[PDB]
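Just the one chain here, the form deposited in one PDB entry, laid out as structure tokens.
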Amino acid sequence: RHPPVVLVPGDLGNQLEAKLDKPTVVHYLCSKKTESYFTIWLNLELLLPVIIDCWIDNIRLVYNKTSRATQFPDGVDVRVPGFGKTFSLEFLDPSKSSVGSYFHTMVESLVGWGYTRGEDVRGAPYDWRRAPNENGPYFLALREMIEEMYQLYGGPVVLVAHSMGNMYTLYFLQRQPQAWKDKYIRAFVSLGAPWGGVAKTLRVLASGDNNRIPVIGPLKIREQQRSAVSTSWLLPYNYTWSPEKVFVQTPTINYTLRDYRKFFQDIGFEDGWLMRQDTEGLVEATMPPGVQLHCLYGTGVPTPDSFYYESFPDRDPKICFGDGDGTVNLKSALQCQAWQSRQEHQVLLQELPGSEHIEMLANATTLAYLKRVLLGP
């Protein structure tokens, strides 16, 4: 026998669909209207030059300074398919191409161990463009799904979260009563958690990140990346990083985590500061999840730590690297150790040397660890 499993993805980590009835478009070749939803992430054909402007216009969030909230562009809806199922987190591209293969290797393994897609293993995908403050309905659905799985399969559930999904899961758990967690949660397996933010968010917001895909201009994709509240939510936090650490250096100014207001002014994106204020307090830095926790973190992969700009903000910086998994800085991942003394439930730390941030989900060592958590001694 084996416990039910809920999978929580990270940023970019599940499909998104859009349906359009737009008053205006940025190019004539952009569709104003669709009769049904289509996949907006991940579909590679939408990211090609010129067409990418259509995509940005649909997938960007609009920040409303009055409500301090995001909304979709006029005539655009974006929905999250596959809640309670696994397809939309197994493959980011519904063509099922390897370029989008995310949770697929892990789900294959789980199924080989006796799990059933959509039944005792289920996904909890979400609109990862937002931070928890704008995903209230998702947390209600997550709570309900956990309760359902407990009742159906006769025991508490194991939460398995990747990257930003860990922060989503921690937010969720911090807000549930201890008695609820003791009944319904068996364990939380935390894979590549950026507990105190990731340093690369500074570069993304300042100058864009096209991830070495040269056919996408970094200044073009920067528009989308800035619009996503989740980007500013993942700026480094002072419970992980020194308030005096410089993340961004230019010829005339430094930026530390105490300098985000100046940073956002200086990059010409004042809304980002508002988004940071909206989101920075959502997860209490020092409250442990209050459940058995397995913190798995990659090391031995150069991980961007800080950025030097000769020309700010519209040129790519020089990058300084620290330890981590390529994305999540080792320091961030290690916030986990502080929780050992702050909850009664066990906190187990597991280093994964040489395990890159995304590859850790398909890695035999990761899967062997998960198997031990699920299937026992």
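We call the rigid core whatever largest set of C-alpha positions still superposes within 1.5 Å between the two forms. Numbering starts at 1 and runs along the sequence shown.
The stretch with the higher mean CA B factor, choosing between 301-309 and 87-95, is 301-309. As listed in the deposited structure, the average C-alpha B-factor of 332-340 and of 24-32 is greater for 332-340. Looking at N135, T231, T286, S109, the one whose CA carries the top B-factor in the deposited record is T286. Across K200, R122, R79, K220, the entry's maximum B-factor at the CA atom is seen for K220. The PDB entry assigns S67 a C-alpha temperature factor belonging to the highest third of its chain's modelled residues.
In the PDB entry, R129 places in the lowest third of its chain by CA B-factor. The PDB entry assigns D278 a C-alpha temperature factor belonging to the middle third of its chain's modelled residues. In the deposited entry, the Cα temperature factor of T327 places it in the lowest third of its chain's modelled residues.
Sort the chain's modelled residues by C-alpha temperature factor and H162 lands in the lowest third, per the entry.
One more form of this protein should be noted, the form deposited in another entry, which is absent from this view; the next part is about it.
Superposing the two forms on their core leaves just one of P177, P214, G136, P243 with a Cα displacement of at least 2 Å between the shown form and the other one, namely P214. When the rigid core is held fixed, the Cα atom of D316 travels 2 angstroms or more between the shown form and the other one. Three angstroms is the minimum change: in the other entry, the CA atoms of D314 and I56 sit farther apart than in this structure, by 3 Å or more.
The gap between the Cα atoms of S88 and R212 is smaller in the other entry, by no less than 3 Å, than in this form.
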